[PDB]
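Working notes, beginning with the structure itself.
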Amino acid sequence: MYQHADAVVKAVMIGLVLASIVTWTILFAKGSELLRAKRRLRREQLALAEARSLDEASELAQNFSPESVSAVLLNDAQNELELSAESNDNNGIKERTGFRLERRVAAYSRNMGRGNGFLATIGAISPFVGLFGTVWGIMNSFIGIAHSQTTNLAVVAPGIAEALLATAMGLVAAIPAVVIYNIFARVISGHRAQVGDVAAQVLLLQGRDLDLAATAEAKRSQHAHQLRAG
Amino acid sequence: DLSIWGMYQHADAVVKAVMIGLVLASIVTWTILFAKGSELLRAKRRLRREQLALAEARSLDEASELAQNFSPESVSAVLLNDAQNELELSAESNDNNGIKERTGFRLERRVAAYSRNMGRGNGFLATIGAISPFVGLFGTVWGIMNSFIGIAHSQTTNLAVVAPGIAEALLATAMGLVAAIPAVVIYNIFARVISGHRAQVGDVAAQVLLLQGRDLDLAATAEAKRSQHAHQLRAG
Amino acid sequence: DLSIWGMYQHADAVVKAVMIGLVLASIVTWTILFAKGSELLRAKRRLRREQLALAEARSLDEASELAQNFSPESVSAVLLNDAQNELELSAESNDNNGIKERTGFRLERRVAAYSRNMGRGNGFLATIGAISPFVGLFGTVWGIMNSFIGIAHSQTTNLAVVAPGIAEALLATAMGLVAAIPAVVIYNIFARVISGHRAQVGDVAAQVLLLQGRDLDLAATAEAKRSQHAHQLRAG
Amino acid sequence: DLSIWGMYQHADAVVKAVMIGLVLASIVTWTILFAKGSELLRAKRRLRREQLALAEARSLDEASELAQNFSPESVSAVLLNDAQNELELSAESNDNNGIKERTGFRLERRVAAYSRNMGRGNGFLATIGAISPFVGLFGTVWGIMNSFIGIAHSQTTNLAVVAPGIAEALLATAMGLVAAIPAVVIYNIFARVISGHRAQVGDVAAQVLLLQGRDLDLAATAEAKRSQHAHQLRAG
Amino acid sequence: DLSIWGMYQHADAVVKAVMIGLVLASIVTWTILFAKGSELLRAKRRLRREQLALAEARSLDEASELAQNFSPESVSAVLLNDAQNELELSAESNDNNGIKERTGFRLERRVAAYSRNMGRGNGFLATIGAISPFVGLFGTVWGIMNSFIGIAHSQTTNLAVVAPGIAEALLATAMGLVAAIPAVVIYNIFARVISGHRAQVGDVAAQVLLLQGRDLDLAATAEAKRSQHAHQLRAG
Amino acid sequence: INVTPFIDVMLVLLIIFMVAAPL
Amino acid sequence: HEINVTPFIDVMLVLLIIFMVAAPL
């Protein structure tokens, strides 16, 4: 008792209610943003599936909304080639390009999962704080029933009542927490697969155009000129 | 009266909600199990027959010819057409290793998409298997709160009045558990079968890519060797 | 009433059914224990014997001959035949690097396949050990709600009236946990054993690949330095 | 006793032991939280500043020039210093790919070590919050056994004396729990933040690696090709 | 007869059985902790001195000359003689890239086997810490079943006839828990220590592989350059 | 894995038994 | 990494039993 038994109870209660409303609003925001990004990447993938060289892909991406990792990576590979700048190490160029693309898509996927661990810990710790509330309430109830020794237990009712109320609040904060956490894991896995697909697509485009340009220019220039002038 | 089925008659404000939630969960997990199991069993039989048919390939053209008469939704022929259009786009490109890397990444993305398609409801299976006991406990503690407010607002030492509330609470609990256990066991068996199916598709992908590499490298070796070592050192 | 062996009637019919289910699950898990343990110890002895045989393996023909005299139903002979026939098929080719790449790919694919074929029942044991506490608590709550509805339909004030159903719940939990514990024990044990087996088969596969690289470099470097530089570089 | 804090210096030896253990665990988790949080904030600020300063890199020498002004307690500084001394050691050779891959591997190992020593207290708080409920549970069950043997000595069927003992037991439980929850939540926070920080270190490592590759390629390709072409095809 | 020195007297079959099991678990985990951790810290001092001596090793022959007088079980000696015998095997070969690849493969296999042998009991500690609460729960359910049998076959409202039974039951629970606690805490701390040791041996393996690659490049570069350049660029 | 749900059922069992203790 | 799921059930059960036995009726 000592008048400081329910203060922690109401504190953890409002903590759970604020955690739940934070989960709800982050669900709203992240769902809106991720569905918008999914539709955007779907449309742009459908548009870029008809690409042959990097020129057409770039001239089509410049018309899209620049808030897309696709065009970012496209111009990034273009800048990486421009930085290569007359270096005949096409293999190393492709390797550095792929490594940069992988690092960028990994960073983007990491930025995507904001509240993942948040909801994880929330749903993990809400039952534990519920148990803490229950044990403290039943302890105060035992102290009261010891101060007034009797078989009638009509006084334990409010204590266990608020204890199981805090427990139920923990459950109604954890269940949505965990289900939304799993839904978010699934949708970010889908988005990661999609951005990996588009990264493989742009890398395949880069490699294909580079090999196309290098094939004839190598089998016609270095071959004949030097193998007759050597 | 208060049997395991006799709940929609004696439901309450939270009792009816948890009851309809758990019966919906049980129905959806049952239909998911049945549909996905039948579909995947038939698909796996078809894929086994197709792999048995293509297990004796010799070249790319021969493999495509023998697989032309396969099913339309044939992942094997899908990969063959993928490799073929990759070669078509790589026409006039004397970079074997680049084509190999491109084809490998393409088969990787294909099998990833196939795993995503097959592993599409397993996420929901895990979710329901995790939450069904928890929502059962939620309904249970709500019933406990209802019984407690009834006791506090009507203080009577009647031993019979305290029975039905706790009984319905534990019955909703048991409904949650009987929705949970099938969910997780089907999730596990589906994980096993999807592991087997992904191993099979990885095997056939390895087969087609190794056949591609073999024939391309043989042709390249022969032609490059003969031409280069017979022409361009006497032509200098 | 004499013991657990004599309390198979005062419970629910579904309680006895799920109890017999737990008993048969424990029996089949012990049977899988014995069978898989015998098979894994046989495979371990075979692996150690084959490794001791190939301890000085430095020639493909020598390795194949020293492995064929033992039990030919061994993964070692399978991998040896695989590498040999792959070299035979891709022979008269100059893709030595691609040779090693494709060979190692096929070897690791077959190793993953064989490892999957080894660790099969581990998943079943995992599912059993996971669901046994869940079905135990399910029988528990079912028995307790049956007891509560029986007390509700009746009117009992004594303290000994709740004994039979609660005791049935206790024995159900006991069966569930005595099925659960050995399940996870053998699961982790077999996990360790298949990890060691995978390590050993990877060691022998790396040995085959090392011998292949050795012999191919021996056949390539000498012939190139003695013939390739002298073939046409003199007539230039 | 009747006072929550009355029975702390008496009638509780093992209970006082576990209480001191859990309070020491809580305060050590708090001080590790404070120290590691300050350290990671400083580290991430310095890393962000250095990244925005080096984002305009063109070659390794300019990177070293812009980096010399960094604080001596800069992990990026020691990474680029390791890269520079590795390049110095590998100098006087032409194994471009070999040099870049060996520096890449050494950088991977160095950043792994830096992440494992920076994120050191993670497992500390993990095991602390894991064992805190364990020792609290040991304390409460020991108190329960003490109360039970006391009632066995003097057969008391009342509830008065039963209350304070179990009350102190649940006090030990609650103390262990309120020591565990902060431990596990700050452990999760530290895990996430060190994952982000090691990801940033991976980004700067990829930056310096691509810089090395680019500068090596640009310094080698044109110069080597034209000079050796001229030299050995006018002298060959 | 209530404490551990007297509970075994009136202990039942399963009581004394699970008690012996849990005390054997406690002593076996304590002995494993002592022996394995002592061996690991001694090997840690050994490898610390090793890498301290190798910090000034900037060649191959100097590394071998320093390793000539290492400890009777120096892992660095194992890796160095492995590299040496691998060079001996794949000698007379100018395709050193495949030599480096096979060296890396053999080294990763060797360090994997060494990490398996070093942490050869961590899985056992994990299993013990996982199943000890489960055998504790087995004790709980068996004791509660026995107490309910005693209170059911004796349909009396007495309390002193069952108090010692439930007391011994909760005593079994407490001893199972106090056997679980040291197992799990020792497993966690030992896992941290063995992860540090594995990181250190990974550092030394990266060091020896870096040294091997660097010395191979240094020995091949200038010689191959001058010899091939002169001969097959002036005689062409 | 999820052997936690014993808490609430056991505690409400405790409560109902302790309130039926008088009658 | 987790904390635990088992240990609380022990005290829940033992408190349940001590209460149901201390129940006078």
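A note on labels: chains of the structure tokens are A, B, ... as shown, every chain counts residues from 1, and ligands are counted from 1 in their shown order.
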Chain G residues near chain E (9 Å cut-off, only C-alpha atoms) as a ChimeraX atom specification
/G:6-7,9-11,13-14,17-18,21-22,24-25
Atoms kept (N, CA and C atoms) for selection, written as a CSV table (one decimal), in the first residue's frame:
chain,number,residue,atom,x,y,z
G,6,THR,N,9.2,-20.5,-19.0
G,6,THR,CA,8.9,-21.6,-18.0
G,6,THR,C,8.8,-21.1,-16.6
G,7,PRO,N,9.7,-20.3,-16.0
G,7,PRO,CA,9.8,-20.3,-14.5
G,7,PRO,C,8.6,-19.8,-13.8
G,9,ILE,N,5.5,-20.4,-14.2
G,9,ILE,CA,4.4,-21.4,-14.0
G,9,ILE,C,4.6,-22.1,-12.7
G,10,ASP,N,5.8,-22.3,-12.3
G,10,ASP,CA,6.1,-23.0,-11.0
G,10,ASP,C,5.4,-22.3,-9.9
G,11,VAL,N,5.7,-21.0,-9.7
G,11,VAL,CA,5.1,-20.3,-8.6
G,11,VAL,C,3.6,-20.1,-8.8
G,13,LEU,N,1.6,-22.4,-10.1
G,13,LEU,CA,1.0,-23.6,-9.6
G,13,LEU,C,1.1,-23.8,-8.1
G,14,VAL,N,2.3,-23.5,-7.5
G,14,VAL,CA,2.4,-23.7,-6.1
G,14,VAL,C,1.5,-22.8,-5.3
G,17,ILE,N,-2.0,-24.2,-5.4
G,17,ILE,CA,-2.2,-25.3,-4.6
G,17,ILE,C,-2.2,-24.9,-3.1
G,18,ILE,N,-1.3,-24.0,-2.7
G,18,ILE,CA,-1.3,-23.6,-1.3
G,18,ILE,C,-2.6,-22.9,-1.0
G,21,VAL,N,-5.5,-25.6,-0.8
G,21,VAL,CA,-5.5,-26.4,0.4
G,21,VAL,C,-5.8,-25.5,1.7
G,22,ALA,N,-5.3,-24.3,1.7
G,22,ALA,CA,-5.6,-23.4,2.8
G,22,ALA,C,-7.1,-23.0,2.8
G,24,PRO,N,-10.7,-23.3,3.7
G,24,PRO,CA,-11.3,-24.1,4.8
G,24,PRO,C,-12.2,-25.1,4.3
G,25,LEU,N,-13.2,-24.7,3.4
G,25,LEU,CA,-14.2,-25.7,2.9
G,25,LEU,C,-13.6,-26.6,1.8
Contacts of chain F with chain C up to 8 Å, shortest pair per row, only C-alpha atoms, as a Markdown table:
| residue | atom | partner | partner_atom | distance |
| --- | --- | --- | --- | --- |
| F:1 | CA | C:130 | CA | 7.4 |
| F:3 | CA | C:133 | CA | 7.0 |
| F:23 | CA | C:157 | CA | 6.9 |
Let's have the selection written as a compact mmCIF listing (two decimals), in the first residue's frame, with N, CA, C and O atoms.
# COMPACT_ATOMS: atom_id res chain seq x y z
N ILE F 1 8.41 -22.36 -26.16
CA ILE F 1 8.02 -21.43 -27.21
C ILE F 1 6.90 -20.52 -26.72
O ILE F 1 7.10 -19.32 -26.55
N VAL F 3 4.66 -21.58 -23.92
CA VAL F 3 4.15 -22.32 -22.77
C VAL F 3 3.83 -21.34 -21.64
O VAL F 3 3.64 -21.75 -20.49
N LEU F 23 -17.65 -20.34 0.98
CA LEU F 23 -18.80 -21.13 0.56
C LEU F 23 -18.97 -21.08 -0.96
O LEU F 23 -18.97 -20.00 -1.55
Margin query: Please check the contacts: residues of chain D at most 9 Å away from chain E, using only C-alpha atoms, listed as a ChimeraX atom specification.
Written below: /D:89-90,92-95,98-99,102-103,105-106,109-110,112-113,116,123-124,127-128,130-131,134-135,137-138,141-142,144-145,148-149,151-152,155-157,232-233,235-236
Can you build me a table of chain G residues sitting at most 10 Å from chain A, with the closest atom pair per residue and its distance in Å to one decimal, using only C-alpha atoms, sorted by chain and residue number, as a tab-separated table?
residue	atom	partner	partner_atom	distance
G:2	CA	A:124	CA	9.2
G:3	CA	A:124	CA	9.9
G:8	CA	A:131	CA	9.5
G:23	CA	A:151	CA	9.0
G:24	CA	A:151	CA	8.7
Could you write those residues out with N, CA and C atoms, as a PDB file, in the first residue's frame?
ATOM      1  N   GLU G   2      16.074 -14.670 -25.994  1.00  0.00           N
ATOM      2  CA  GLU G   2      14.895 -14.454 -25.167  1.00  0.00           C
ATOM      3  C   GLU G   2      15.316 -14.386 -23.700  1.00  0.00           C
ATOM      4  N   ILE G   3      14.326 -14.329 -22.812  1.00  0.00           N
ATOM      5  CA  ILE G   3      14.599 -14.324 -21.379  1.00  0.00           C
ATOM      6  C   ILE G   3      14.223 -15.674 -20.789  1.00  0.00           C
ATOM      7  N   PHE G   8       7.807 -18.902 -14.385  1.00  0.00           N
ATOM      8  CA  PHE G   8       6.687 -18.321 -13.648  1.00  0.00           C
ATOM      9  C   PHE G   8       5.633 -19.369 -13.312  1.00  0.00           C
ATOM     10  N   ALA G  23      -7.800 -23.196   1.729  1.00  0.00           N
ATOM     11  CA  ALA G  23      -9.241 -23.011   1.697  1.00  0.00           C
ATOM     12  C   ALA G  23      -9.900 -23.863   2.782  1.00  0.00           C
ATOM     13  N   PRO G  24     -10.674 -23.265   3.691  1.00  0.00           N
ATOM     14  CA  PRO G  24     -11.251 -24.065   4.788  1.00  0.00           C
ATOM     15  C   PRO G  24     -12.243 -25.114   4.315  1.00  0.00           C
TER      16      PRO G  24
END
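By chain and then residue number, the residues within 10 Å of residue 19 (chain B) are residues 7, 8, 11, 12, 14, 15, 16, 22, 23, 24, 25, 136, 139, 171, 172, 173, 175 and 176 of chain B, counting only C-alpha atoms and disregarding those fewer than 3 positions away in sequence.
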Kindly assemble as CSV a list of the chain A residues that lie within 7 Å of chain B, each paired with its nearest atom pair and their distance in Å to one decimal, using only C-alpha atoms, sorted first by chain and then by ascending residue number.
residue,atom,partner,partner_atom,distance
A:157,CA,B:148,CA,6.9
A:161,CA,B:145,CA,6.5
A:164,CA,B:141,CA,6.7
A:168,CA,B:138,CA,6.1
A:171,CA,B:138,CA,6.3
A:175,CA,B:131,CA,6.2
A:179,CA,B:127,CA,6.0
A:182,CA,B:127,CA,6.7
A:197,CA,B:109,CA,6.6
A:204,CA,B:102,CA,6.2
A:208,CA,B:90,CA,6.6
A:211,CA,B:93,CA,5.7
A:212,CA,B:93,CA,5.5
A:215,CA,B:93,CA,5.5
A:227,CA,B:236,CA,5.5
A:228,CA,B:236,CA,4.6
A:229,CA,B:236,CA,7.0
A:230,CA,B:236,CA,6.3
Take the selection from the previous step and output its residues with N, CA, C and O atoms, as a PDB file, in the first residue's frame.
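That gives us part09.pdb:
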ATOM      1  N   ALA A 157     -10.819  -7.910  -4.250  1.00  0.00           N
ATOM      2  CA  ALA A 157     -11.403  -7.769  -5.583  1.00  0.00           C
ATOM      3  C   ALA A 157     -10.858  -6.577  -6.363  1.00  0.00           C
ATOM      4  O   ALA A 157     -10.472  -6.764  -7.529  1.00  0.00           O
ATOM      5  N   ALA A 161      -8.539  -6.962  -9.649  1.00  0.00           N
ATOM      6  CA  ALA A 161      -9.263  -6.397 -10.780  1.00  0.00           C
ATOM      7  C   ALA A 161      -8.366  -5.480 -11.599  1.00  0.00           C
ATOM      8  O   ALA A 161      -8.211  -5.664 -12.810  1.00  0.00           O
ATOM      9  N   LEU A 164      -5.426  -7.568 -13.295  1.00  0.00           N
ATOM     10  CA  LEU A 164      -5.797  -8.217 -14.543  1.00  0.00           C
ATOM     11  C   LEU A 164      -6.222  -7.211 -15.601  1.00  0.00           C
ATOM     12  O   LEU A 164      -6.133  -7.516 -16.790  1.00  0.00           O
ATOM     13  N   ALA A 168      -4.643  -7.317 -19.184  1.00  0.00           N
ATOM     14  CA  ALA A 168      -5.418  -7.291 -20.417  1.00  0.00           C
ATOM     15  C   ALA A 168      -4.984  -6.148 -21.321  1.00  0.00           C
ATOM     16  O   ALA A 168      -5.003  -6.288 -22.546  1.00  0.00           O
ATOM     17  N   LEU A 171      -1.973  -7.377 -23.043  1.00  0.00           N
ATOM     18  CA  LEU A 171      -2.318  -8.312 -24.112  1.00  0.00           C
ATOM     19  C   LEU A 171      -2.876  -7.589 -25.333  1.00  0.00           C
ATOM     20  O   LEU A 171      -2.514  -7.912 -26.471  1.00  0.00           O
ATOM     21  N   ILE A 175      -0.778  -8.247 -28.789  1.00  0.00           N
ATOM     22  CA  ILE A 175      -1.343  -8.974 -29.930  1.00  0.00           C
ATOM     23  C   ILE A 175      -1.328  -8.135 -31.203  1.00  0.00           C
ATOM     24  O   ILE A 175      -0.780  -8.602 -32.217  1.00  0.00           O
ATOM     25  N   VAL A 179       1.160  -8.987 -34.442  1.00  0.00           N
ATOM     26  CA  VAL A 179       0.604  -9.285 -35.760  1.00  0.00           C
ATOM     27  C   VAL A 179       1.034  -8.225 -36.770  1.00  0.00           C
ATOM     28  O   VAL A 179       1.378  -8.545 -37.914  1.00  0.00           O
ATOM     29  N   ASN A 182       4.630  -8.857 -37.726  1.00  0.00           N
ATOM     30  CA  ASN A 182       4.779  -9.906 -38.728  1.00  0.00           C
ATOM     31  C   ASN A 182       4.324  -9.431 -40.104  1.00  0.00           C
ATOM     32  O   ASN A 182       4.963  -9.741 -41.118  1.00  0.00           O
ATOM     33  N   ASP A 197      15.037  -7.386 -57.431  1.00  0.00           N
ATOM     34  CA  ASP A 197      14.722  -7.662 -58.829  1.00  0.00           C
ATOM     35  C   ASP A 197      15.108  -6.487 -59.716  1.00  0.00           C
ATOM     36  O   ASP A 197      15.726  -6.668 -60.770  1.00  0.00           O
ATOM     37  N   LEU A 204      21.985  -6.181 -65.014  1.00  0.00           N
ATOM     38  CA  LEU A 204      21.973  -6.944 -66.254  1.00  0.00           C
ATOM     39  C   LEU A 204      21.990  -6.016 -67.457  1.00  0.00           C
ATOM     40  O   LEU A 204      22.689  -6.277 -68.439  1.00  0.00           O
ATOM     41  N   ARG A 208      24.999  -5.991 -70.082  1.00  0.00           N
ATOM     42  CA  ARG A 208      24.659  -6.343 -71.453  1.00  0.00           C
ATOM     43  C   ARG A 208      25.104  -5.261 -72.423  1.00  0.00           C
ATOM     44  O   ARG A 208      25.719  -5.557 -73.453  1.00  0.00           O
ATOM     45  N   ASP A 211      29.005  -5.218 -72.610  1.00  0.00           N
ATOM     46  CA  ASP A 211      29.521  -6.307 -73.430  1.00  0.00           C
ATOM     47  C   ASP A 211      29.201  -6.088 -74.901  1.00  0.00           C
ATOM     48  O   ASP A 211      30.028  -6.380 -75.771  1.00  0.00           O
ATOM     49  N   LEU A 212      28.006  -5.573 -75.199  1.00  0.00           N
ATOM     50  CA  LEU A 212      27.643  -5.273 -76.578  1.00  0.00           C
ATOM     51  C   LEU A 212      28.613  -4.274 -77.191  1.00  0.00           C
ATOM     52  O   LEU A 212      29.103  -4.468 -78.311  1.00  0.00           O
ATOM     53  N   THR A 215      32.295  -5.916 -77.484  1.00  0.00           N
ATOM     54  CA  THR A 215      32.510  -7.102 -78.310  1.00  0.00           C
ATOM     55  C   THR A 215      33.150  -6.745 -79.646  1.00  0.00           C
ATOM     56  O   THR A 215      34.264  -7.186 -79.954  1.00  0.00           O
ATOM     57  N   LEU A 227      47.797  -7.761 -84.116  1.00  0.00           N
ATOM     58  CA  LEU A 227      48.237  -9.084 -84.532  1.00  0.00           C
ATOM     59  C   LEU A 227      48.747  -9.110 -85.965  1.00  0.00           C
ATOM     60  O   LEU A 227      49.286 -10.136 -86.393  1.00  0.00           O
ATOM     61  N   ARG A 228      48.590  -8.018 -86.717  1.00  0.00           N
ATOM     62  CA  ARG A 228      49.340  -7.846 -87.952  1.00  0.00           C
ATOM     63  C   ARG A 228      50.509  -6.886 -87.800  1.00  0.00           C
ATOM     64  O   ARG A 228      51.449  -6.947 -88.599  1.00  0.00           O
ATOM     65  N   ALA A 229      50.476  -6.007 -86.799  1.00  0.00           N
ATOM     66  CA  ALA A 229      51.563  -5.078 -86.526  1.00  0.00           C
ATOM     67  C   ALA A 229      52.437  -5.523 -85.362  1.00  0.00           C
ATOM     68  O   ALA A 229      53.100  -4.686 -84.744  1.00  0.00           O
ATOM     69  N   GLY A 230      52.448  -6.815 -85.047  1.00  0.00           N
ATOM     70  CA  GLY A 230      53.264  -7.327 -83.960  1.00  0.00           C
ATOM     71  C   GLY A 230      54.267  -8.378 -84.392  1.00  0.00           C
ATOM     72  O   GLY A 230      54.034  -9.129 -85.339  1.00  0.00           O
TER      73      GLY A 230
END
Requested in this report: Can you work out the spacing between CA of residue 58 (chain A) and CA of residue 45 (chain A) in Å, to one decimal?
Outcome: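 Going from CA of residue 58 (chain A) over to CA of residue 45 (chain A), I get 13.0 Å.
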Two-atom distance - CA of residue 113 (chain A), CA of residue 1 (chain G) (Å):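 These two atoms are separated by 19.4 Å.
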Compile a residue-level contact table for chain F against chain A at a cut-off of 8 Å, reporting for every qualifying residue the shortest atom pair and its distance in Å to one decimal, with only C-alpha atoms counted, rows ordered by chain and ascending number, as JSON lines.
{"residue": "F:18", "atom": "CA", "partner": "A:153", "partner_atom": "CA", "distance": 7.9}
{"residue": "F:19", "atom": "CA", "partner": "A:153", "partner_atom": "CA", "distance": 6.6}
{"residue": "F:22", "atom": "CA", "partner": "A:151", "partner_atom": "CA", "distance": 6.8}
Can I get the selection written as a JSON list (two decimals), in the first residue's frame, with N, CA, C and O atoms?
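New file selection.json:
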[["chain", "number", "residue", "atom", "x", "y", "z"],
["F", 18, "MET", "N", -10.06, -19.39, -3.91],
["F", 18, "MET", "CA", -9.98, -18.64, -2.67],
["F", 18, "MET", "C", -11.28, -17.90, -2.36],
["F", 18, "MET", "O", -11.56, -17.63, -1.18],
["F", 19, "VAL", "N", -12.08, -17.58, -3.37],
["F", 19, "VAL", "CA", -13.37, -16.94, -3.09],
["F", 19, "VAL", "C", -14.45, -17.98, -2.81],
["F", 19, "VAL", "O", -15.43, -17.68, -2.11],
["F", 22, "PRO", "N", -14.87, -19.72, 1.47],
["F", 22, "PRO", "CA", -15.91, -19.59, 2.50],
["F", 22, "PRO", "C", -17.12, -20.46, 2.19],
["F", 22, "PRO", "O", -17.57, -21.23, 3.05]]
Q. So which residues of region 9-224 of chain A fall under alpha helix (DSSP H) by DSSP, listed as an MDAnalysis selection string?
A. chainID A and resid 9:48 54:61 69:84 90:112 116:147 156:217 223:224
Each residue of chain F lying at most 6 Å from chain G should get a row with its shortest atom-to-atom pair and the distance in Å to one decimal, counting only C-alpha atoms; could you produce that, ordered by chain and increasing number, as CSV?
residue,atom,partner,partner_atom,distance
F:4,CA,G:5,CA,5.5
F:14,CA,G:16,CA,4.7
F:17,CA,G:20,CA,5.8
F:21,CA,G:23,CA,4.6
